4 protein chains.
Amino acid sequence: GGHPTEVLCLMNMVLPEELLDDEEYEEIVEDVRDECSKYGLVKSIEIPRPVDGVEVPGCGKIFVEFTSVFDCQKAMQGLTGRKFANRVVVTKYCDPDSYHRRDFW
Amino acid sequence: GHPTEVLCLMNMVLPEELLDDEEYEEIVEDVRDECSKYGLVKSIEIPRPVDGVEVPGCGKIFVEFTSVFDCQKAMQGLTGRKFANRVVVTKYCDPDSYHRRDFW
Amino acid sequence: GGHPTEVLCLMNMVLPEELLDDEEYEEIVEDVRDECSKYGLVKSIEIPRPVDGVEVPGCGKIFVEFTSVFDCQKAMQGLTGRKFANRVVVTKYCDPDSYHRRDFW
Amino acid sequence: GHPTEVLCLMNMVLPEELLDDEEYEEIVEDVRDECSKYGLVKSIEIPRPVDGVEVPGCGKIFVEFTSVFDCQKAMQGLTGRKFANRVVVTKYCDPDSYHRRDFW
Ligand SMILES: [Cl-]
Ligand SMILES: [Cl-]
Ligand SMILES: [Cl-]
Ligand SMILES: [Cl-]
Ligand code: NA
Ligand code: NA
């Protein structure tokens, strides 16, 4: 949500429909990791994609776990309002416990 | 309630999502397809909104399976946090009531 | 979100616009408390309303803190899909720490 | 950057929210009113989307105050989690650039 954490949530960048293709999916994950790594070490990344037809929790969102709240906030500073795939990047934080239990919503 | 062959799904659709014919048809298909993972779907009812006319059960999805066993599997599989942006809540429905459209 | 907690979130029931009037606001709070109290002790309730023109976090949502996750889940069982003010009640949970810091989103 | 009389607000509006004329006008008013809590608003720019034509700064809100002091108050007041469903991120903008519409 709005309370700062070490997990960045990047919104508005992808639709469920575009994560179906494995090659395109892997490219998006790498692009995200590379871009975020500019702001600090990325511990982990989650980009939920459809599984067996199901729009799973967090589909359409990208979650990036940093090793500090500062690095997450620097990535928010740097990435918010940029454009990717002709869409404006929207940012918020993710509760770490919610991230680890994949309650992405 | 004891298990039956009819399952009611709540928090799965809002009325406003069922106004457009194409969107409604797409939802029926998607729900049928999801339920068919658990067993043969015999029928489905998703009551559609009509402004200013009472539509019992609008906001709910009722699915009829060919067996109580399959319906039990579907209650386990569909209830909870497996879908985006919702917590699915379920209940078994009396099949005779379902066929009469006595939806609560 | 989807992980069960002691805080129930009731959605789709009110718009920010209808919480402006103090009398109507107080009636909604009481109606909620009375209805939820059927399922267990209500420790606290939050119904964010506009403050000095600002659609504050959680406006349009109603948050009810119970003393157990069971009581919250019983209220979810009983209230989900009911109608209030001609609107279908939609339910989810709220992270307790998010509730206490008013990160209602 | 050092403080200036122009503030850029991010995560406050999406392009799709600015397509309708009435909705756009309502957003401009609401943003003006919110900013006016901190000082006199001299001007505001909310670049509007045009499909297939590049619109620099679309997705951002730029507000010009009559003083750097008021703008500093507005950065403190508007940045963070005070508004529903968003985390407002801000930055100071070069006033000359703002007047030229050199929006980044
Ligand atoms: Cl966009
Ligand atoms: Cl209608
Ligand atoms: Cl409704
Ligand atoms: Cl256009
Ligand atoms: Na109706
Ligand atoms: Na454009």
# chains A, B, ... in the order shown; residues from 1 in each chain; ligands from 1
>>> calpha_fit_and_write(fixed="chain A", moving="chain C", output="mmCIF file with C-alpha atoms, in the first residue's frame")
data_model
loop_
_atom_site.group_PDB
_atom_site.id
_atom_site.type_symbol
_atom_site.label_atom_id
_atom_site.label_comp_id
_atom_site.auth_asym_id
_atom_site.auth_seq_id
_atom_site.Cartn_x
_atom_site.Cartn_y
_atom_site.Cartn_z
ATOM 1 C CA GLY C 1 0.000 0.000 0.000
ATOM 2 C CA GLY C 2 1.230 3.480 0.995
ATOM 3 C CA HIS C 3 3.457 2.527 3.920
ATOM 4 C CA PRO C 4 7.059 2.277 2.695
ATOM 5 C CA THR C 5 8.588 -1.214 2.514
ATOM 6 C CA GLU C 6 11.420 -2.961 0.731
ATOM 7 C CA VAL C 7 9.022 -4.369 -1.924
ATOM 8 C CA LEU C 8 8.166 -2.163 -4.899
ATOM 9 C CA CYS C 9 4.987 -2.752 -6.859
ATOM 10 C CA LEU C 10 5.072 -1.578 -10.511
ATOM 11 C CA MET C 11 1.574 -1.190 -11.934
ATOM 12 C CA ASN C 12 -0.029 -0.418 -15.303
ATOM 13 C CA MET C 13 2.915 -1.981 -17.263
ATOM 14 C CA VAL C 14 1.601 -5.368 -18.309
ATOM 15 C CA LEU C 15 -1.674 -7.110 -18.982
ATOM 16 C CA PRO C 16 -2.234 -10.843 -18.111
ATOM 17 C CA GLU C 17 -2.619 -11.466 -21.861
ATOM 18 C CA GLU C 18 1.003 -10.484 -22.648
ATOM 19 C CA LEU C 19 2.584 -12.765 -20.015
ATOM 20 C CA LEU C 20 1.327 -15.924 -21.740
ATOM 21 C CA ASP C 21 4.323 -16.183 -24.110
ATOM 22 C CA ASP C 22 7.419 -17.648 -22.358
ATOM 23 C CA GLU C 23 9.989 -15.708 -24.415
ATOM 24 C CA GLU C 24 8.179 -12.389 -23.954
ATOM 25 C CA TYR C 25 7.660 -13.203 -20.261
ATOM 26 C CA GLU C 26 11.358 -13.898 -19.658
ATOM 27 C CA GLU C 27 12.280 -10.672 -21.502
ATOM 28 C CA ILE C 28 9.971 -8.620 -19.233
ATOM 29 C CA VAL C 29 11.473 -10.203 -16.085
ATOM 30 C CA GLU C 30 15.033 -9.476 -17.233
ATOM 31 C CA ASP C 31 14.152 -5.926 -18.321
ATOM 32 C CA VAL C 32 12.651 -5.272 -14.863
ATOM 33 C CA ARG C 33 15.581 -6.819 -12.984
ATOM 34 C CA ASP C 34 18.096 -4.849 -15.052
ATOM 35 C CA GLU C 35 16.280 -1.558 -14.582
ATOM 36 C CA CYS C 36 15.692 -2.022 -10.849
ATOM 37 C CA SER C 37 19.279 -3.170 -10.240
ATOM 38 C CA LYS C 38 20.347 0.382 -11.063
ATOM 39 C CA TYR C 39 18.912 1.429 -7.660
ATOM 40 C CA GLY C 40 20.122 -1.437 -5.495
ATOM 41 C CA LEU C 41 20.466 -5.168 -5.164
ATOM 42 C CA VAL C 42 17.297 -6.982 -6.197
ATOM 43 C CA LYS C 43 16.676 -9.941 -3.867
ATOM 44 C CA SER C 44 13.730 -11.335 -5.834
ATOM 45 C CA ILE C 45 11.093 -10.526 -8.433
ATOM 46 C CA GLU C 46 7.553 -11.739 -8.936
ATOM 47 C CA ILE C 47 5.500 -11.159 -12.088
ATOM 48 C CA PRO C 48 2.364 -13.215 -11.716
ATOM 49 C CA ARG C 49 1.187 -14.730 -14.928
ATOM 50 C CA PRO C 50 -1.930 -16.779 -15.793
ATOM 51 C CA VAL C 51 -1.725 -20.465 -14.624
ATOM 52 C CA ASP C 52 -4.021 -23.004 -16.365
ATOM 53 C CA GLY C 53 -6.472 -20.238 -17.422
ATOM 54 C CA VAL C 54 -6.622 -18.439 -14.055
ATOM 55 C CA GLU C 55 -6.003 -14.706 -13.586
ATOM 56 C CA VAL C 56 -4.036 -15.300 -10.463
ATOM 57 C CA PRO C 57 -3.380 -12.818 -7.723
ATOM 58 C CA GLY C 58 -1.288 -9.868 -8.812
ATOM 59 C CA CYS C 59 -1.661 -10.453 -12.560
ATOM 60 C CA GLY C 60 -0.879 -7.103 -14.192
ATOM 61 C CA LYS C 61 1.529 -6.105 -11.412
ATOM 62 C CA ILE C 62 5.271 -6.509 -11.019
ATOM 63 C CA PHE C 63 6.796 -6.959 -7.554
ATOM 64 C CA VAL C 64 10.446 -6.304 -6.843
ATOM 65 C CA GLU C 65 12.005 -7.151 -3.447
ATOM 66 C CA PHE C 66 15.024 -4.972 -2.542
ATOM 67 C CA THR C 67 17.329 -5.460 0.481
ATOM 68 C CA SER C 68 16.328 -2.118 2.047
ATOM 69 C CA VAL C 69 13.423 0.301 2.127
ATOM 70 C CA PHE C 70 15.817 3.031 0.921
ATOM 71 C CA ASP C 71 16.703 1.148 -2.260
ATOM 72 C CA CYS C 72 12.984 0.522 -2.931
ATOM 73 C CA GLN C 73 12.260 4.235 -2.427
ATOM 74 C CA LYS C 74 15.128 5.186 -4.758
ATOM 75 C CA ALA C 75 13.645 2.890 -7.409
ATOM 76 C CA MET C 76 10.241 4.514 -6.830
ATOM 77 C CA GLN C 77 11.842 7.949 -7.269
ATOM 78 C CA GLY C 78 13.560 6.882 -10.510
ATOM 79 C CA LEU C 79 10.845 4.767 -12.183
ATOM 80 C CA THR C 80 7.532 6.447 -11.301
ATOM 81 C CA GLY C 81 5.868 8.103 -14.299
ATOM 82 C CA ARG C 82 8.269 6.608 -16.870
ATOM 83 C CA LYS C 83 6.796 4.887 -19.879
ATOM 84 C CA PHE C 84 7.106 1.210 -20.703
ATOM 85 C CA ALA C 85 5.205 -0.434 -23.590
ATOM 86 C CA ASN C 86 3.538 2.946 -24.130
ATOM 87 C CA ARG C 87 2.045 2.877 -20.612
ATOM 88 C CA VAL C 88 2.745 5.156 -17.691
ATOM 89 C CA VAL C 89 4.422 3.362 -14.770
ATOM 90 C CA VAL C 90 2.444 3.660 -11.520
ATOM 91 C CA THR C 91 4.102 2.690 -8.258
ATOM 92 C CA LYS C 92 3.136 1.682 -4.730
ATOM 93 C CA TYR C 93 4.662 -0.477 -2.007
ATOM 94 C CA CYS C 94 3.850 -4.101 -1.109
ATOM 95 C CA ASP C 95 3.699 -5.453 2.444
ATOM 96 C CA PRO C 96 6.599 -7.939 2.710
ATOM 97 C CA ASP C 97 4.547 -10.614 4.506
ATOM 98 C CA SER C 98 1.887 -10.303 1.772
ATOM 99 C CA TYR C 99 4.619 -10.630 -0.860
ATOM 100 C CA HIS C 100 6.087 -13.758 0.723
ATOM 101 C CA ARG C 101 2.702 -15.488 0.977
ATOM 102 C CA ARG C 102 1.814 -14.369 -2.606
ATOM 103 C CA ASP C 103 -1.295 -12.446 -1.420
ATOM 104 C CA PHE C 104 -0.774 -10.069 -4.307
ATOM 105 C CA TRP C 105 -4.441 -9.193 -4.774
#
>>> select_by_dssp(residues="chain B", states="helix (DSSP H, G or I)", output="VMD selection string")
chain B and resid 15 to 18 21 to 35 68 to 78 95 to 100
>>> write_last_selection(atoms="N, CA and C atoms", output="CSV table (one decimal), in the first residue's frame")
chain,number,residue,atom,x,y,z
B,15,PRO,N,-22.6,-6.9,-10.2
B,15,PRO,CA,-23.7,-6.6,-11.2
B,15,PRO,C,-23.2,-5.7,-12.4
B,16,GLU,N,-22.4,-4.7,-12.1
B,16,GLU,CA,-22.0,-3.8,-13.2
B,16,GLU,C,-21.2,-4.5,-14.3
B,17,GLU,N,-20.6,-5.6,-13.9
B,17,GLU,CA,-19.8,-6.4,-14.8
B,17,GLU,C,-20.7,-7.3,-15.8
B,18,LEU,N,-22.0,-7.3,-15.5
B,18,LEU,CA,-22.9,-8.2,-16.2
B,18,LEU,C,-23.9,-7.4,-17.1
B,21,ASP,N,-23.7,-7.3,-22.9
B,21,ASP,CA,-24.0,-8.7,-23.4
B,21,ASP,C,-22.7,-9.5,-23.6
B,22,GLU,N,-21.7,-8.9,-24.3
B,22,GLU,CA,-20.5,-9.6,-24.7
B,22,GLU,C,-19.7,-9.9,-23.4
B,23,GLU,N,-19.6,-9.0,-22.4
B,23,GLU,CA,-18.9,-9.2,-21.2
B,23,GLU,C,-19.5,-10.3,-20.4
B,24,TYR,N,-20.9,-10.3,-20.4
B,24,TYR,CA,-21.6,-11.3,-19.6
B,24,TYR,C,-21.4,-12.7,-20.2
B,25,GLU,N,-21.4,-12.8,-21.5
B,25,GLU,CA,-21.2,-14.1,-22.2
B,25,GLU,C,-19.8,-14.6,-21.9
B,26,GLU,N,-18.8,-13.7,-21.9
B,26,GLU,CA,-17.4,-14.0,-21.6
B,26,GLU,C,-17.3,-14.5,-20.2
B,27,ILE,N,-18.0,-13.9,-19.2
B,27,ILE,CA,-17.9,-14.3,-17.8
B,27,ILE,C,-18.5,-15.7,-17.6
B,28,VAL,N,-19.7,-15.9,-18.3
B,28,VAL,CA,-20.3,-17.3,-18.2
B,28,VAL,C,-19.3,-18.3,-18.7
B,29,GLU,N,-18.7,-18.1,-19.9
B,29,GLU,CA,-17.7,-19.0,-20.4
B,29,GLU,C,-16.5,-19.3,-19.5
B,30,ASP,N,-15.9,-18.2,-19.0
B,30,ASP,CA,-14.8,-18.3,-18.1
B,30,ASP,C,-15.1,-19.0,-16.8
B,31,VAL,N,-16.3,-18.8,-16.3
B,31,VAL,CA,-16.7,-19.5,-15.1
B,31,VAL,C,-17.0,-21.0,-15.3
B,32,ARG,N,-17.7,-21.3,-16.4
B,32,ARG,CA,-17.9,-22.6,-16.9
B,32,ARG,C,-16.5,-23.4,-17.0
B,33,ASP,N,-15.6,-22.7,-17.7
B,33,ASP,CA,-14.3,-23.3,-17.9
B,33,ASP,C,-13.5,-23.6,-16.6
B,34,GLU,N,-13.6,-22.7,-15.7
B,34,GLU,CA,-12.9,-22.8,-14.4
B,34,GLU,C,-13.6,-24.0,-13.6
B,35,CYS,N,-14.9,-24.0,-13.5
B,35,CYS,CA,-15.6,-25.1,-12.9
B,35,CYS,C,-15.4,-26.4,-13.5
B,68,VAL,N,-22.4,-34.7,-6.5
B,68,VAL,CA,-22.0,-34.0,-5.3
B,68,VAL,C,-20.6,-34.1,-5.0
B,69,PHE,N,-19.9,-35.2,-5.3
B,69,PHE,CA,-18.5,-35.3,-5.2
B,69,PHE,C,-17.7,-34.2,-6.0
B,70,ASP,N,-18.1,-34.0,-7.3
B,70,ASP,CA,-17.4,-32.9,-8.1
B,70,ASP,C,-17.6,-31.6,-7.5
B,71,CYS,N,-18.8,-31.3,-6.9
B,71,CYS,CA,-19.1,-30.1,-6.3
B,71,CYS,C,-18.3,-29.8,-5.1
B,72,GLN,N,-18.1,-30.8,-4.3
B,72,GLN,CA,-17.2,-30.8,-3.1
B,72,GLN,C,-15.8,-30.4,-3.6
B,73,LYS,N,-15.3,-31.0,-4.6
B,73,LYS,CA,-14.0,-30.7,-5.2
B,73,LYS,C,-13.9,-29.2,-5.6
B,74,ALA,N,-15.0,-28.8,-6.2
B,74,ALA,CA,-15.1,-27.4,-6.6
B,74,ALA,C,-15.1,-26.4,-5.4
B,75,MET,N,-15.8,-26.8,-4.4
B,75,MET,CA,-15.8,-25.9,-3.2
B,75,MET,C,-14.4,-25.8,-2.6
B,76,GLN,N,-13.7,-26.9,-2.6
B,76,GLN,CA,-12.3,-26.8,-2.1
B,76,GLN,C,-11.4,-26.0,-3.1
B,77,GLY,N,-11.6,-26.2,-4.4
B,77,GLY,CA,-10.7,-25.5,-5.3
B,77,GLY,C,-11.0,-24.1,-5.5
B,78,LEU,N,-12.2,-23.6,-5.4
B,78,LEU,CA,-12.6,-22.2,-5.7
B,78,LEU,C,-12.7,-21.3,-4.5
B,95,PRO,N,-30.7,-28.1,-4.6
B,95,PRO,CA,-30.8,-28.2,-6.1
B,95,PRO,C,-32.3,-27.9,-6.5
B,96,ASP,N,-33.3,-28.3,-5.8
B,96,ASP,CA,-34.6,-28.0,-6.1
B,96,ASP,C,-34.9,-26.5,-6.2
B,97,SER,N,-34.3,-25.8,-5.2
B,97,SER,CA,-34.4,-24.3,-5.1
B,97,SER,C,-33.7,-23.7,-6.3
B,98,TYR,N,-32.5,-24.2,-6.6
B,98,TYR,CA,-31.8,-23.7,-7.8
B,98,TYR,C,-32.7,-23.8,-9.1
B,99,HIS,N,-33.3,-25.0,-9.3
B,99,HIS,CA,-34.1,-25.2,-10.5
B,99,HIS,C,-35.4,-24.3,-10.5
B,100,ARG,N,-35.8,-23.8,-9.4
B,100,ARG,CA,-37.0,-22.9,-9.3
B,100,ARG,C,-36.6,-21.5,-9.3
>>> atom_distance(atom1="atom CA of residue D:104", atom2="atom CA of residue D:57")
5.8 Å
>>> closest_atom_pairs(of="chain D", to="chain A", cutoff="12 Å", atoms="only C-alpha atoms", output="JSON lines")
{"residue": "D:8", "atom": "CA", "partner": "A:81", "partner_atom": "CA", "distance": 10.6}
{"residue": "D:9", "atom": "CA", "partner": "A:81", "partner_atom": "CA", "distance": 9.5}
{"residue": "D:10", "atom": "CA", "partner": "A:81", "partner_atom": "CA", "distance": 6.3}
{"residue": "D:11", "atom": "CA", "partner": "A:90", "partner_atom": "CA", "distance": 5.8}
{"residue": "D:12", "atom": "CA", "partner": "A:90", "partner_atom": "CA", "distance": 9.2}
{"residue": "D:13", "atom": "CA", "partner": "A:90", "partner_atom": "CA", "distance": 9.4}
{"residue": "D:14", "atom": "CA", "partner": "A:88", "partner_atom": "CA", "distance": 7.5}
{"residue": "D:15", "atom": "CA", "partner": "A:88", "partner_atom": "CA", "distance": 8.0}
{"residue": "D:16", "atom": "CA", "partner": "A:88", "partner_atom": "CA", "distance": 10.3}
{"residue": "D:49", "atom": "CA", "partner": "A:88", "partner_atom": "CA", "distance": 11.3}
{"residue": "D:51", "atom": "CA", "partner": "A:86", "partner_atom": "CA", "distance": 10.2}
{"residue": "D:52", "atom": "CA", "partner": "A:86", "partner_atom": "CA", "distance": 9.8}
{"residue": "D:53", "atom": "CA", "partner": "A:86", "partner_atom": "CA", "distance": 11.3}
{"residue": "D:54", "atom": "CA", "partner": "A:86", "partner_atom": "CA", "distance": 10.1}
{"residue": "D:55", "atom": "CA", "partner": "A:86", "partner_atom": "CA", "distance": 11.4}
{"residue": "D:56", "atom": "CA", "partner": "A:83", "partner_atom": "CA", "distance": 10.7}
{"residue": "D:57", "atom": "CA", "partner": "A:81", "partner_atom": "CA", "distance": 8.5}
{"residue": "D:58", "atom": "CA", "partner": "A:88", "partner_atom": "CA", "distance": 8.2}
{"residue": "D:59", "atom": "CA", "partner": "A:88", "partner_atom": "CA", "distance": 6.5}
{"residue": "D:60", "atom": "CA", "partner": "A:81", "partner_atom": "CA", "distance": 7.1}
{"residue": "D:61", "atom": "CA", "partner": "A:81", "partner_atom": "CA", "distance": 10.6}
{"residue": "D:79", "atom": "CA", "partner": "A:2", "partner_atom": "CA", "distance": 10.8}
{"residue": "D:80", "atom": "CA", "partner": "A:2", "partner_atom": "CA", "distance": 7.1}
{"residue": "D:81", "atom": "CA", "partner": "A:2", "partner_atom": "CA", "distance": 5.2}
{"residue": "D:82", "atom": "CA", "partner": "A:2", "partner_atom": "CA", "distance": 8.7}
{"residue": "D:83", "atom": "CA", "partner": "A:2", "partner_atom": "CA", "distance": 9.3}
{"residue": "D:84", "atom": "CA", "partner": "A:2", "partner_atom": "CA", "distance": 9.3}
{"residue": "D:85", "atom": "CA", "partner": "A:1", "partner_atom": "CA", "distance": 7.8}
{"residue": "D:86", "atom": "CA", "partner": "A:2", "partner_atom": "CA", "distance": 6.8}
{"residue": "D:87", "atom": "CA", "partner": "A:2", "partner_atom": "CA", "distance": 5.4}
{"residue": "D:88", "atom": "CA", "partner": "A:2", "partner_atom": "CA", "distance": 8.9}
{"residue": "D:89", "atom": "CA", "partner": "A:77", "partner_atom": "CA", "distance": 7.2}
{"residue": "D:90", "atom": "CA", "partner": "A:77", "partner_atom": "CA", "distance": 8.4}
{"residue": "D:91", "atom": "CA", "partner": "A:77", "partner_atom": "CA", "distance": 9.0}
{"residue": "D:103", "atom": "CA", "partner": "A:81", "partner_atom": "CA", "distance": 11.7}
{"residue": "D:104", "atom": "CA", "partner": "A:82", "partner_atom": "CA", "distance": 9.0}
>>> select_by_dssp(residues="chain D", states="strand (DSSP E)", output="MDAnalysis selection string")
chainID D and resid 6:10 41:45 61:65 89:93
>>> atom_distance(atom1="atom CA of residue D:39", atom2="atom CA of residue D:62")
14.6 Å
>>> atom_distance(atom1="atom CA of residue D:7", atom2="atom 1 (Cl, counted along the ligand's line) of ligand 1")
20.9 Å
>>> decode(residues="stretch 43-66 of chain C", atoms="N, CA, C and O atoms", output="CSV table (one decimal), in the first residue's frame")
chain,number,residue,atom,x,y,z
C,43,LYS,N,-14.2,-4.8,18.2
C,43,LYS,CA,-13.3,-4.0,18.9
C,43,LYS,C,-13.3,-2.6,18.4
C,43,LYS,O,-13.2,-1.6,19.3
C,44,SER,N,-13.3,-2.4,17.1
C,44,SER,CA,-13.3,-1.0,16.6
C,44,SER,C,-13.8,-1.0,15.1
C,44,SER,O,-13.9,-2.1,14.5
C,45,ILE,N,-14.2,0.1,14.6
C,45,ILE,CA,-14.7,0.3,13.3
C,45,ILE,C,-14.1,1.6,12.7
C,45,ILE,O,-13.9,2.6,13.4
C,46,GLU,N,-13.7,1.5,11.4
C,46,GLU,CA,-13.3,2.7,10.7
C,46,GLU,C,-14.1,2.8,9.4
C,46,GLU,O,-14.1,1.9,8.6
C,47,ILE,N,-14.7,4.0,9.2
C,47,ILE,CA,-15.3,4.3,7.9
C,47,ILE,C,-14.8,5.6,7.5
C,47,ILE,O,-15.2,6.7,7.9
C,48,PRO,N,-13.7,5.6,6.7
C,48,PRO,CA,-13.1,6.8,6.3
C,48,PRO,C,-14.1,7.7,5.5
C,48,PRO,O,-14.9,7.2,4.7
C,49,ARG,N,-14.1,8.9,5.8
C,49,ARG,CA,-14.9,9.9,5.2
C,49,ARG,C,-14.0,11.1,4.7
C,49,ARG,O,-12.9,11.3,5.4
C,50,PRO,N,-14.4,11.7,3.6
C,50,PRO,CA,-13.7,13.0,3.2
C,50,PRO,C,-13.3,14.0,4.4
C,50,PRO,O,-14.1,14.3,5.3
C,51,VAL,N,-12.1,14.4,4.4
C,51,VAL,CA,-11.6,15.5,5.4
C,51,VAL,C,-11.1,16.7,4.6
C,51,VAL,O,-10.3,16.5,3.7
C,52,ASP,N,-11.7,17.8,4.8
C,52,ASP,CA,-11.3,19.1,4.2
C,52,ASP,C,-11.1,18.9,2.6
C,52,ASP,O,-10.2,19.4,2.1
C,53,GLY,N,-12.1,18.2,2.0
C,53,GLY,CA,-12.1,18.0,0.5
C,53,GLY,C,-11.4,16.8,0.0
C,53,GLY,O,-11.4,16.6,-1.2
C,54,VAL,N,-10.7,16.1,0.8
C,54,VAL,CA,-9.7,15.1,0.4
C,54,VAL,C,-10.3,13.6,0.5
C,54,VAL,O,-10.7,13.2,1.6
C,55,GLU,N,-10.4,12.9,-0.6
C,55,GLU,CA,-10.8,11.5,-0.7
C,55,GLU,C,-9.6,10.8,0.0
C,55,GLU,O,-8.6,10.4,-0.7
C,56,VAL,N,-9.8,10.5,1.3
C,56,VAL,CA,-8.7,10.0,2.1
C,56,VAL,C,-8.6,8.5,1.8
C,56,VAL,O,-9.5,7.9,1.2
C,57,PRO,N,-7.5,7.9,2.3
C,57,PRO,CA,-7.4,6.5,2.1
C,57,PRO,C,-8.6,5.7,2.7
C,57,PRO,O,-9.1,6.0,3.8
C,58,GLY,N,-9.1,4.8,1.9
C,58,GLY,CA,-10.1,3.8,2.3
C,58,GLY,C,-11.5,4.4,2.2
C,58,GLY,O,-12.5,3.8,2.6
C,59,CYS,N,-11.7,5.6,1.6
C,59,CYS,CA,-13.0,6.2,1.4
C,59,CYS,C,-13.8,5.3,0.4
C,59,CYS,O,-13.3,4.9,-0.7
C,60,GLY,N,-15.0,4.9,0.8
C,60,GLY,CA,-15.8,3.9,0.1
C,60,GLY,C,-15.7,2.5,0.7
C,60,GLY,O,-16.4,1.6,0.2
C,61,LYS,N,-14.9,2.3,1.7
C,61,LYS,CA,-14.7,1.0,2.4
C,61,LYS,C,-15.1,1.2,3.8
C,61,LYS,O,-15.0,2.3,4.4
C,62,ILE,N,-15.4,0.0,4.5
C,62,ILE,CA,-15.8,0.0,5.9
C,62,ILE,C,-14.9,-1.1,6.5
C,62,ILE,O,-14.8,-2.2,5.9
C,63,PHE,N,-14.2,-0.8,7.6
C,63,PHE,CA,-13.3,-1.7,8.2
C,63,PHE,C,-13.8,-2.0,9.6
C,63,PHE,O,-14.1,-1.1,10.4
C,64,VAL,N,-13.9,-3.3,9.9
C,64,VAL,CA,-14.4,-3.7,11.2
C,64,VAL,C,-13.4,-4.7,11.9
C,64,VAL,O,-13.1,-5.7,11.4
C,65,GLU,N,-12.8,-4.2,13.0
C,65,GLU,CA,-11.9,-5.1,13.8
C,65,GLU,C,-12.6,-5.9,14.8
C,65,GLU,O,-13.2,-5.4,15.7
C,66,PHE,N,-12.5,-7.2,14.6
C,66,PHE,CA,-13.0,-8.2,15.6
C,66,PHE,C,-11.9,-8.7,16.5
C,66,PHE,O,-10.8,-8.3,16.3
